[PDB]
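Written out below as structure tokens is the structure these notes cover.
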Amino acid sequence: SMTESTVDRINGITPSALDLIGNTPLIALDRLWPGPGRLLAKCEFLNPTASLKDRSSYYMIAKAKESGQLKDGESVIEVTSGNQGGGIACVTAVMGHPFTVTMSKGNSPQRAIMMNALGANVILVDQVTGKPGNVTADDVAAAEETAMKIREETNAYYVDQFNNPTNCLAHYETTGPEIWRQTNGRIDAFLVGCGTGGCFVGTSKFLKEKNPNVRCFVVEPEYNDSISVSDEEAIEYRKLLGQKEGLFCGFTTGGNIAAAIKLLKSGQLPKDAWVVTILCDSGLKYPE
Amino acid sequence: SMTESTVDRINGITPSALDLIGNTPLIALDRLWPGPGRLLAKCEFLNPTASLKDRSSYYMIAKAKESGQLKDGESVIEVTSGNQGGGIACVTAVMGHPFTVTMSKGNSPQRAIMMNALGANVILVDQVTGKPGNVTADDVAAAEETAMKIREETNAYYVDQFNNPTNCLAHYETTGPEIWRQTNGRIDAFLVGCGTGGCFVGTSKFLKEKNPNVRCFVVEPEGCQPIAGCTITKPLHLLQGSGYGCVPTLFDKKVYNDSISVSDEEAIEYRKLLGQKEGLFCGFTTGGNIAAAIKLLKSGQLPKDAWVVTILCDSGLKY
Ligand SMILES: *Cc1c(COP(=O)(O)O)cnc(C)c1O
Ligand SMILES: *Cc1c(COP(=O)(O)O)cnc(C)c1O
């Protein structure tokens with residue numbers, strides 16, 4: 001695991017890509033936010049598939065293996081067009097698990113490149129109500145139906161990212177503890193968006209144990225509280241993060257940065273507040 | 001710099017993206033190569049612009065600042081469609097240097113996305129002899145002419161990646177020392193492709209000082225082996241960022257043992273195998289490096305227990 005590791009990445013040898021997961025830098029965005037207070041963020045784009053999903057992917061596979069639910073060399077299946085696919089693909093490659101992915105033909109082919117490159121068997125499922133570039137709820141229901149049919153036929157382990165509790169456990173045992181150590185306990189708030197919610201629930205649960213006075217915010221597009229963010233704000237702060245800090249990240253990172261700056265300006269926090277967010281993935285994982 | 005750093009990235013705070021450069025993991029590819037001997041590789045794709053060019057970019061900017069040649073807040077310009085552009089873009093963003101890039105309209109628009117996202121001012125220059133998707137030497141010469149014209153007006157610092165000796169210095173002072181420490185001195189051979197030649201010349205020079213018995217190999221595309229002295233029959237290959245038809249101007253034959261040739265088909269095969277066996281999606285030059293290192297392990301030219309070290313140059317996502 002990333003918790004018990006004796007691995008020295010700086011001055012030693014890294015046994016495998018699994019040891020590249022977690023213990024990510026916590027960077028100061030001191031140029032983007034020169035004060036008062038400090039904006040810091042976990043560089044989750046420096047995980048081996050360039051997203052925070054390496055953590056949840058690693059936990060969900062590793063814990064299925066430990067439980068006996070997933071046997072050596074046996075098949076894994078997930079429904080995804082996103083970062084979770086790349087993460088599971090990387091973990092299953094190292095651990096020697098055949099991995100099948102279902103996703104809608106609706107997705108840009110670009111969404112399968114990394115998964116396929118890391119040895120995923122990518123099944124493209126016909127759209128039911130959507131058109132190229134628009135994957136609908138019925139398009140997703142169909143991808144799900146294809147994966148369930150394959151799972152019943154093969155008895156592959158279904159990762160079930162949205163309902164697997166080892167998703168949040170990853171962040172409770174790695175992300176949160178790392179932030180607590182890296183800040184030496186100096187942190188007034190944490191904030192991140194929710195897809196599965198693993199990152200927010202796991203990290204916030206751990207931080208509130210160390211210090212219940214830490215304000216944890218969900219970033220909501222268009223638990224202490226929520227901060228709302230527009231697509232225009234996401235785009236603006238994605239660009240500013242690049243221009244000021246030299247980090248090309250995705251749109252959810254734009255949103256997190258824009259929410260964190262609103263939170264620093266609000267006066268809800270002490271004048272000298274240290275605010276921590278997540279740089280979720282690389283900007284390279286997006287077309288155009 | 002990356003040499004004097006007290007920064008603790010694991011258990012402390014990373015001041016800026018500059019401190020994300022170098023001290024990259026040296027990974028054991030023990031599944032791709034289960035023995036005998038060992039394949040090791042620097043994860044240069046975990047630099048902040050996902051290429052080894054963060055090192056050479058950082059050195060060329062930092063050393064121009066130290067020399068006085070580049071003043072605070074003054075302009076930088078480079079002719080580039082490549083990983084070097086992203087690296088300079090990242091370094092100049094942190095240090096607050098306006099950065100202008102020239103490149104041929106011939107290049108895919110995709111080649112400008114990262115540079116532009118990190119605040120690079122991208123000037124697209126009309127092709128002279130090439131067509132969309134085919135950038136010729138005359139197309140590149142034109143981009144150069146546009147950058148020199150702009151440089152006359154603005155007096156920007158010209159990075160000059162193919163002629164800047166601080167390119168090699170980067171790898172002499174970081175890459176080589178890291179490999180030497182991370183292996184605790186156990187390395188029988190080093191190998192990497194050559195574009196500018198910084199990585200090979202710098203790393204090899206340092207390793208041969210620690211141990212002159214370390215064999216250092218250049219990875220060359222089949223039919224494009226200038227450094228080996230062989231005639232060029234195939235100018236076009238898939239090893240993007242390396243395998244230029246000329247012996248690089250920064251090349252130093254005194255840290256060179258031999259060349260290992262690789263086909264396009266081998267680059268592709270080992271790019272895929274690196275992904276399927278190790279979970280690392282890297283670029284074409286990484287495919288080539290892995291295929292040359294495996295060929296070198298299988299050859300029997302080295303001891304059966306040999307430790308061979310190469311470079312995972314960039315992410316597969318940059319293509
Ligand atoms: C998964 C993901 C999120 C949200 O993470 P969860 O832990 O699933 O809530 C945010 N941004 C990106 C880019 C993601 O891939
Ligand atoms: C630049 C580059 C090389 C060559 O390294 P040099 O130090 O320029 O010789 C190899 N691979 C990739 C992907 C590069 O970008």
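Labels for the structure tokens follow display order: chains A, B, ..., residues from 1 in each chain, ligands from 1.
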
Polymer residues at most 9 Å from residue 60 in chain B, only C-alpha atoms, same-chain spacing of 6 or more positions, as a list in words: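 Result of the neighbour search: residues 88, 159, 160, 161, 164, 165, 166, 167 and 170 of chain B.
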
Interface list for chain B, partner chain A, 7 Å threshold, only C-alpha atoms, as a ChimeraX atom specification: /B:9-17,23-29,46,48,89-91,93-94,110,114,117-119,181-183,272,275-281,317-318

May I have a table of the residues of chain A lying at most 7 Å from ligand 1, giving each one's closest pair of atoms and their distance in Å to one decimal, counting only C-alpha atoms and all ligand atoms, ordered by chain and ascending residue number, as a tab-separated table?
```
residue	atom	partner	partner_atom_place_in_ligand_line	distance
A:51	CA	ligand 1	15 (O)	6.2
A:52	CA	ligand 1	15 (O)	6.6
A:53	CA	ligand 1	1 (C)	5.9
A:82	CA	ligand 1	15 (O)	6.4
A:83	CA	ligand 1	15 (O)	4.7
A:84	CA	ligand 1	15 (O)	6.6
A:193	CA	ligand 1	4 (C)	5.7
A:194	CA	ligand 1	9 (O)	3.5
A:195	CA	ligand 1	9 (O)	3.8
A:196	CA	ligand 1	8 (O)	3.7
A:197	CA	ligand 1	9 (O)	3.4
A:198	CA	ligand 1	7 (O)	3.8
A:199	CA	ligand 1	7 (O)	3.6
A:200	CA	ligand 1	9 (O)	6.2
A:250	CA	ligand 1	13 (C)	6.3
A:252	CA	ligand 1	11 (N)	5.0
A:280	CA	ligand 1	13 (C)	4.9
A:281	CA	ligand 1	13 (C)	5.2
```

Out of range 23-115 of chain A, which residues get alpha helix (DSSP H) from DSSP, as an MDAnalysis selection string? chainID A and resid 53:67 83:95 110:115

Dump of N, CA, C and O atoms for the selected residues, as a CSV table (one decimal), in the first residue's frame:
```csv
chain,number,residue,atom,x,y,z
A,53,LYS,N,-7.4,9.6,-9.7
A,53,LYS,CA,-8.2,8.3,-9.7
A,53,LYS,C,-7.2,7.2,-9.5
A,53,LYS,O,-7.7,6.1,-9.2
A,54,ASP,N,-5.9,7.4,-9.6
A,54,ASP,CA,-4.9,6.3,-9.3
A,54,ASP,C,-5.1,5.8,-7.9
A,54,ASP,O,-4.9,4.6,-7.6
A,55,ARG,N,-5.5,6.7,-6.9
A,55,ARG,CA,-5.6,6.3,-5.5
A,55,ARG,C,-6.8,5.4,-5.3
A,55,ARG,O,-6.6,4.3,-4.8
A,56,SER,N,-8.0,5.8,-5.8
A,56,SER,CA,-9.3,5.1,-5.6
A,56,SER,C,-9.2,3.8,-6.4
A,56,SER,O,-9.6,2.7,-5.9
A,57,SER,N,-8.6,3.8,-7.7
A,57,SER,CA,-8.4,2.7,-8.5
A,57,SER,C,-7.5,1.6,-7.7
A,57,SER,O,-7.9,0.4,-7.6
A,58,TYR,N,-6.4,2.1,-7.2
A,58,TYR,CA,-5.5,1.2,-6.5
A,58,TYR,C,-6.2,0.5,-5.3
A,58,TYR,O,-6.0,-0.7,-5.1
A,59,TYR,N,-7.0,1.3,-4.5
A,59,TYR,CA,-7.6,0.8,-3.3
A,59,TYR,C,-8.7,-0.3,-3.7
A,59,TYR,O,-8.7,-1.3,-3.0
A,60,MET,N,-9.5,0.0,-4.7
A,60,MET,CA,-10.7,-0.8,-5.0
A,60,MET,C,-10.2,-2.1,-5.6
A,60,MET,O,-10.8,-3.2,-5.2
A,61,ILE,N,-9.1,-2.1,-6.4
A,61,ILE,CA,-8.5,-3.4,-6.8
A,61,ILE,C,-7.8,-4.1,-5.6
A,61,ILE,O,-8.2,-5.3,-5.4
A,62,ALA,N,-7.0,-3.4,-4.9
A,62,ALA,CA,-6.1,-4.1,-3.9
A,62,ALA,C,-7.0,-4.7,-2.8
A,62,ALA,O,-6.7,-5.8,-2.3
A,63,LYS,N,-8.1,-4.0,-2.5
A,63,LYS,CA,-9.0,-4.5,-1.3
A,63,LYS,C,-9.9,-5.6,-1.8
A,63,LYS,O,-10.2,-6.4,-0.9
A,64,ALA,N,-10.3,-5.7,-3.0
A,64,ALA,CA,-11.0,-6.9,-3.6
A,64,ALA,C,-10.1,-8.1,-3.6
A,64,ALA,O,-10.6,-9.2,-3.3
A,65,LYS,N,-8.8,-7.9,-3.8
A,65,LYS,CA,-7.8,-9.0,-3.8
A,65,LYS,C,-7.6,-9.5,-2.4
A,65,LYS,O,-7.7,-10.7,-2.2
A,66,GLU,N,-7.4,-8.6,-1.4
A,66,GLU,CA,-7.3,-8.9,0.1
A,66,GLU,C,-8.5,-9.6,0.6
A,66,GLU,O,-8.3,-10.6,1.4
A,67,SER,N,-9.7,-9.2,0.2
A,67,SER,CA,-11.0,-9.8,0.7
A,67,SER,C,-11.3,-11.2,0.1
A,67,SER,O,-12.1,-11.9,0.6
A,83,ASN,N,-11.3,9.3,-16.1
A,83,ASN,CA,-10.0,9.0,-15.4
A,83,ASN,C,-10.0,7.7,-14.6
A,83,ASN,O,-8.9,7.1,-14.5
A,84,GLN,N,-11.2,7.2,-14.2
A,84,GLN,CA,-11.2,6.0,-13.4
A,84,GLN,C,-10.8,4.8,-14.3
A,84,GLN,O,-10.0,3.9,-13.8
A,85,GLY,N,-11.1,4.8,-15.5
A,85,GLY,CA,-10.7,3.8,-16.5
A,85,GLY,C,-9.2,3.7,-16.6
A,85,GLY,O,-8.6,2.6,-16.6
A,86,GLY,N,-8.5,4.9,-16.7
A,86,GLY,CA,-7.0,4.9,-16.8
A,86,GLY,C,-6.4,4.4,-15.6
A,86,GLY,O,-5.5,3.5,-15.6
A,87,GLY,N,-6.9,4.9,-14.4
A,87,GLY,CA,-6.4,4.4,-13.1
A,87,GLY,C,-6.6,2.9,-13.0
A,87,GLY,O,-5.5,2.2,-12.6
A,88,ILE,N,-7.7,2.3,-13.3
A,88,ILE,CA,-7.9,0.8,-13.1
A,88,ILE,C,-7.0,0.1,-14.1
A,88,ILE,O,-6.4,-0.9,-13.8
A,89,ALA,N,-6.9,0.7,-15.3
A,89,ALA,CA,-6.1,0.1,-16.4
A,89,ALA,C,-4.6,-0.1,-15.9
A,89,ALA,O,-4.0,-1.1,-16.0
A,90,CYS,N,-4.1,1.0,-15.2
A,90,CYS,CA,-2.7,1.0,-14.7
A,90,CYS,C,-2.5,0.0,-13.6
A,90,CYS,O,-1.6,-0.8,-13.7
A,91,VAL,N,-3.3,0.1,-12.6
A,91,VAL,CA,-3.3,-0.9,-11.5
A,91,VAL,C,-3.4,-2.3,-12.0
A,91,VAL,O,-2.6,-3.2,-11.6
A,92,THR,N,-4.4,-2.6,-12.9
A,92,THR,CA,-4.6,-4.0,-13.3
A,92,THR,C,-3.4,-4.5,-14.2
A,92,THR,O,-3.2,-5.7,-14.2
A,93,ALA,N,-2.8,-3.6,-14.9
A,93,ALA,CA,-1.6,-3.9,-15.7
A,93,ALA,C,-0.4,-4.4,-14.8
A,93,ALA,O,0.2,-5.5,-15.1
A,94,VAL,N,-0.2,-3.7,-13.8
A,94,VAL,CA,0.9,-4.1,-12.8
A,94,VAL,C,0.6,-5.4,-12.1
A,94,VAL,O,1.4,-6.3,-12.1
A,95,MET,N,-0.7,-5.5,-11.7
A,95,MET,CA,-1.1,-6.7,-10.8
A,95,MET,C,-1.4,-7.9,-11.7
A,95,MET,O,-1.6,-8.9,-11.1
A,110,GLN,N,-10.7,9.6,-28.3
A,110,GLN,CA,-9.6,10.1,-27.5
A,110,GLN,C,-9.8,9.6,-26.0
A,110,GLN,O,-8.7,9.3,-25.3
A,111,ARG,N,-11.0,9.3,-25.6
A,111,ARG,CA,-11.3,8.9,-24.2
A,111,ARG,C,-10.9,7.5,-23.9
A,111,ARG,O,-10.8,7.1,-22.8
A,112,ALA,N,-10.6,6.7,-25.0
A,112,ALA,CA,-10.1,5.3,-24.8
A,112,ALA,C,-8.6,5.1,-25.0
A,112,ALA,O,-8.1,4.0,-24.7
A,113,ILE,N,-7.9,6.1,-25.5
A,113,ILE,CA,-6.5,6.0,-25.9
A,113,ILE,C,-5.6,5.5,-24.7
A,113,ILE,O,-5.0,4.5,-24.9
A,114,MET,N,-5.6,6.2,-23.6
A,114,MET,CA,-4.8,5.8,-22.4
A,114,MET,C,-5.2,4.4,-21.9
A,114,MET,O,-4.4,3.5,-21.8
A,115,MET,N,-6.5,4.2,-21.7
A,115,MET,CA,-7.1,2.9,-21.2
A,115,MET,C,-6.6,1.8,-22.1
A,115,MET,O,-6.0,0.8,-21.6
```

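Contacts with ligand 2 are defined as any residue atom within 7 Å of a ligand atom, using only C-alpha atoms and all ligand atoms; the residues meeting this criterion are residues 51, 52, 53, 82, 83, 84, 193, 194, 195, 196, 197, 198, 199, 200, 240, 241, 242, 283, 285, 313 and 314 of chain B.
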
Quick one: everything within 12 Å of residue 136 in chain A, counting only C-alpha atoms, minus sequence neighbours fewer than 4 positions away in the same chain. Send it as a tab-separated table (two decimals) with N, CA and C atoms, in the first residue's frame.
```
chain	number	residue	atom	x	y	z
A	103	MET	N	-17.98	1.65	-22.62
A	103	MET	CA	-18.32	3.09	-22.70
A	103	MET	C	-19.09	3.30	-24.00
A	104	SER	N	-19.84	4.39	-24.11
A	104	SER	CA	-20.69	4.73	-25.29
A	104	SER	C	-19.81	5.10	-26.49
A	105	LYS	N	-20.21	4.64	-27.69
A	105	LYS	CA	-19.65	5.09	-28.99
A	105	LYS	C	-19.69	6.61	-29.05
A	106	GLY	N	-20.61	7.22	-28.28
A	106	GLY	CA	-20.80	8.68	-28.20
A	106	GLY	C	-19.54	9.43	-27.80
A	107	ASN	N	-18.66	8.81	-27.02
A	107	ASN	CA	-17.44	9.47	-26.51
A	107	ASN	C	-16.49	9.73	-27.68
A	126	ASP	N	-23.20	0.97	-28.63
A	126	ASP	CA	-24.09	1.80	-29.49
A	126	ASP	C	-24.87	2.78	-28.61
A	127	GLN	N	-24.95	4.05	-29.02
A	127	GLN	CA	-25.86	5.07	-28.43
A	127	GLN	C	-27.31	4.65	-28.65
A	128	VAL	N	-28.20	5.02	-27.72
A	128	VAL	CA	-29.65	4.71	-27.77
A	128	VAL	C	-30.46	6.00	-28.03
A	129	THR	N	-30.04	7.16	-27.48
A	129	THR	CA	-30.77	8.46	-27.66
A	129	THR	C	-29.81	9.60	-28.01
A	130	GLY	N	-28.50	9.39	-27.91
A	130	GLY	CA	-27.49	10.45	-28.07
A	130	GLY	C	-26.87	10.41	-29.45
A	131	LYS	N	-26.09	11.45	-29.76
A	131	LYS	CA	-25.34	11.63	-31.03
A	131	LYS	C	-23.86	11.76	-30.68
A	132	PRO	N	-22.94	11.50	-31.64
A	132	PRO	CA	-21.52	11.75	-31.43
A	132	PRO	C	-21.28	13.08	-30.69
A	140	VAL	N	-25.50	5.69	-21.37
A	140	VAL	CA	-24.79	5.18	-20.16
A	140	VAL	C	-25.49	3.93	-19.65
A	141	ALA	N	-26.82	3.94	-19.47
A	141	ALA	CA	-27.61	2.74	-19.06
A	141	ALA	C	-27.26	1.54	-19.95
A	142	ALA	N	-27.06	1.76	-21.26
A	142	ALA	CA	-26.75	0.70	-22.25
A	142	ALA	C	-25.34	0.13	-22.02
A	143	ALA	N	-24.32	1.00	-21.84
A	143	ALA	CA	-22.93	0.63	-21.47
A	143	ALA	C	-22.94	-0.23	-20.20
```

With only C-alpha atoms as the atoms that count, which of B:131, B:157, B:125, B:100 lies nearest to residue 70 in chain B?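 For residue 70 in chain B, the nearest of the given residues is B:157.
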
Hey, what's within 8 Å of residue 106 in chain B if we count only C-alpha atoms and toss same-chain stuff fewer than 6 positions away? As a PyMOL selection string, please? chain B and resi 126-127+130-135+139

If you run DSSP over the backbone, which residues in range 10-231 of chain B end up strand (DSSP E)? Put them as a ChimeraX atom specification. /B:26-28,38-43,76-79,99-104,121-125,157-158,189-193,215-221

Take the residues from that selection and put them in a file with N, CA and C atoms, as a compact mmCIF listing (two decimals), in the first residue's frame.
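Written file, out-v4.txt:
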```
# COMPACT_ATOMS: atom_id res chain seq x y z
N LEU B 26 13.20 6.58 -10.37
CA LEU B 26 13.89 5.56 -11.19
C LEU B 26 13.12 4.27 -10.96
N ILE B 27 12.35 3.84 -11.95
CA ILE B 27 11.40 2.71 -11.77
C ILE B 27 12.10 1.43 -12.24
N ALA B 28 11.82 0.33 -11.56
CA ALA B 28 12.23 -1.02 -11.98
C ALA B 28 11.12 -1.60 -12.86
N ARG B 38 18.62 -6.40 -15.00
CA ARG B 38 17.49 -5.52 -14.61
C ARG B 38 17.39 -4.33 -15.56
N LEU B 39 16.16 -3.96 -15.91
CA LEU B 39 15.86 -2.73 -16.67
C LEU B 39 15.31 -1.68 -15.71
N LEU B 40 15.94 -0.50 -15.67
CA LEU B 40 15.54 0.63 -14.79
C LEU B 40 15.32 1.82 -15.72
N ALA B 41 14.43 2.76 -15.35
CA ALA B 41 14.17 3.94 -16.20
C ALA B 41 13.68 5.15 -15.37
N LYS B 42 14.23 6.32 -15.67
CA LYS B 42 13.86 7.61 -15.06
C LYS B 42 12.46 8.00 -15.54
N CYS B 43 11.53 8.27 -14.62
CA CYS B 43 10.16 8.68 -14.99
C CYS B 43 10.10 10.16 -15.34
N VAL B 76 11.50 36.21 -23.41
CA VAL B 76 12.16 34.98 -23.91
C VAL B 76 11.45 34.60 -25.22
N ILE B 77 12.20 34.05 -26.17
CA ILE B 77 11.68 33.58 -27.49
C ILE B 77 12.42 32.29 -27.87
N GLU B 78 11.71 31.32 -28.41
CA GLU B 78 12.31 30.05 -28.91
C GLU B 78 11.52 29.63 -30.14
N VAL B 79 12.17 28.95 -31.08
CA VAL B 79 11.50 28.36 -32.27
C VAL B 79 11.25 26.89 -31.93
N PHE B 99 6.97 35.01 -22.72
CA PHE B 99 7.52 33.95 -23.60
C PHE B 99 6.78 33.98 -24.93
N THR B 100 7.55 34.17 -26.00
CA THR B 100 7.06 34.09 -27.40
C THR B 100 7.64 32.83 -28.06
N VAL B 101 6.78 32.09 -28.75
CA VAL B 101 7.13 30.86 -29.51
C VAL B 101 6.79 31.11 -30.98
N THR B 102 7.68 30.75 -31.90
CA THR B 102 7.37 30.63 -33.36
C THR B 102 7.30 29.15 -33.71
N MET B 103 6.34 28.77 -34.55
CA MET B 103 6.31 27.41 -35.14
C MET B 103 5.54 27.49 -36.46
N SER B 104 5.78 26.52 -37.35
CA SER B 104 5.15 26.42 -38.70
C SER B 104 3.66 26.13 -38.56
N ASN B 121 3.11 32.95 -25.94
CA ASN B 121 2.61 33.77 -27.06
C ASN B 121 3.04 33.12 -28.38
N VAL B 122 2.16 32.29 -28.96
CA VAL B 122 2.44 31.38 -30.11
C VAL B 122 2.23 32.13 -31.44
N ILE B 123 3.29 32.31 -32.22
CA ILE B 123 3.22 32.94 -33.57
C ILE B 123 3.27 31.82 -34.61
N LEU B 124 2.22 31.65 -35.42
CA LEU B 124 2.18 30.62 -36.50
C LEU B 124 2.74 31.20 -37.80
N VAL B 125 3.73 30.54 -38.40
CA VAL B 125 4.45 31.03 -39.62
C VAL B 125 4.10 30.15 -40.83
N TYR B 157 15.45 37.26 -25.05
CA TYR B 157 16.50 36.21 -24.94
C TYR B 157 16.09 35.00 -25.79
N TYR B 158 16.95 34.63 -26.75
CA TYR B 158 16.81 33.45 -27.65
C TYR B 158 17.42 32.22 -26.98
N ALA B 189 25.19 -0.03 -17.92
CA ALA B 189 24.95 0.75 -19.15
C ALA B 189 23.82 1.76 -18.98
N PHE B 190 23.96 2.86 -19.72
CA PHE B 190 22.96 3.93 -19.88
C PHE B 190 22.69 4.08 -21.38
N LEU B 191 21.45 4.37 -21.76
CA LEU B 191 21.08 4.61 -23.17
C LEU B 191 19.80 5.47 -23.26
N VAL B 192 19.79 6.29 -24.29
CA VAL B 192 18.71 7.27 -24.58
C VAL B 192 18.91 7.70 -26.03
N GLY B 193 17.84 8.15 -26.71
CA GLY B 193 17.94 8.82 -28.02
C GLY B 193 18.56 10.20 -27.91
N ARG B 215 28.89 1.56 -19.93
CA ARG B 215 28.76 1.66 -21.41
C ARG B 215 27.54 2.53 -21.72
N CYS B 216 27.77 3.63 -22.44
CA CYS B 216 26.72 4.61 -22.80
C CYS B 216 26.41 4.48 -24.30
N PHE B 217 25.15 4.21 -24.63
CA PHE B 217 24.66 3.97 -26.02
C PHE B 217 23.65 5.04 -26.41
N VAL B 218 23.75 5.50 -27.65
CA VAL B 218 22.72 6.35 -28.31
C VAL B 218 21.71 5.41 -28.97
N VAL B 219 20.41 5.69 -28.80
CA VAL B 219 19.34 4.95 -29.52
C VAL B 219 19.08 5.68 -30.84
N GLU B 220 19.28 5.01 -31.98
CA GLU B 220 19.07 5.64 -33.31
C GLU B 220 17.97 4.91 -34.07
N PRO B 221 17.11 5.66 -34.80
CA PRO B 221 16.16 5.05 -35.71
C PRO B 221 16.95 4.41 -36.85
```

Atomic separation - CA of residue 161 in chain A relative to CA of residue 4 in chain A, Å: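 CA of residue 161 in chain A lies at a distance of 24.2 Å from CA of residue 4 in chain A.
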